[PDB]
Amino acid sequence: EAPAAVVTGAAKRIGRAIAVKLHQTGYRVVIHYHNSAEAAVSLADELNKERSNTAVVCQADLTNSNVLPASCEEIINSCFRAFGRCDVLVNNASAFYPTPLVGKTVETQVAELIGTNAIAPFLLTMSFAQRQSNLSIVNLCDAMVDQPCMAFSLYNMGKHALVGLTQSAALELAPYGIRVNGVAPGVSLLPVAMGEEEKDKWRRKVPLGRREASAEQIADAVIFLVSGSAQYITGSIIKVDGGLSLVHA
């Protein structure tokens, strides 16, 4: 019987590459999304054509609120309803935008950035654990948390909290055979918004090849961590940054 995985924010970009690689490795997948309905359904279609009844979508807003625990429980439940098991949780979905110290209200910024990057991962990890082989969770972190982007405090706090979740959950869930690890991209797929000369500015910073990570390269590290080759690894965070975090100002 095939194992099953939940990947949050899996309709596009890095989460999609993670979903695809998991599926190619033999997993059934829940493709979670928020706004990208067309891309999500398109992916599930691609994957089911490849193997029947192996992918479903699940729409959920991961902003912090009094019903976020219910939404997170429902995401996990959807995997069990579709596949009868849930072996892997990948916490990939993430809001990312500046929140200068000196538009959306600050209430909303806190709820979105801390919700998506930290609180939802915590609730999903809770629901995953309580619903329970090679069980594991992989959190998408950030290689640059100690050298943050200017004016991204709430985002950075969110990613720092996710490091703490990775460590605390690895410690507490180890007795249940659940491993909890992280993958920390540096510069990977760049914003569709961002201009090209600015893209090349970031690209030129990366020691290894003067280029951003492909989504597939980020996915490779996720696959390692969920695999039987990582069965003694828990509470570890693998940087996938081409040495970017090593470069001084």
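Take the two forms, find the largest set of C-alpha atoms that superpose within 1.5 Å, and that set is the rigid core. Start at 1 and count along the sequence shown; that's the residue number.
Two stretches, 193 to 201 and 34 to 42, are weighed by how far their CA atoms sit from the shown form in 8 other deposited structures of this protein after rigid core superposition; the farther one is 193 to 201. Stretch comparison, 184 to 192 versus 63 to 71: after rigid core superposition, larger RMS CA deviation in 8 other deposited structures of this protein is found for 184 to 192. In this entry, residue 102 and residue 103 are separated by 4 to 9 residues of the deposited sequence that lack coordinates. Per the record, residue 132 and residue 133 are separated by 4 to 9 deposited residues that are missing from the model. Looking at 51 to 59 and 184 to 192 together, the entry lists the larger mean B-factor for 184 to 192, computed on C-alpha atoms.
As listed in the deposited structure, the average C-alpha B-factor of 62 to 70 and of 194 to 202 is greater for 194 to 202.
Per the deposited coordinates, the residue with the largest Cα temperature factor out of 158, 164, 121, 175 is 175. Annotation for residue 16: CA B-factor lies in the lowest third of the chain's modelled residues. Compared with the other modelled residues of the chain, the Cα B-factor recorded for residue 92 ranks in the middle third. In the deposited entry, the Cα temperature factor of residue 3 sits in the top third of values across the chain's modelled residues. In the PDB entry, residue 34 places in the middle third of its chain by CA B-factor. Ranked by C-alpha B-factor against the other modelled residues of its chain, residue 139 falls in the lowest third.
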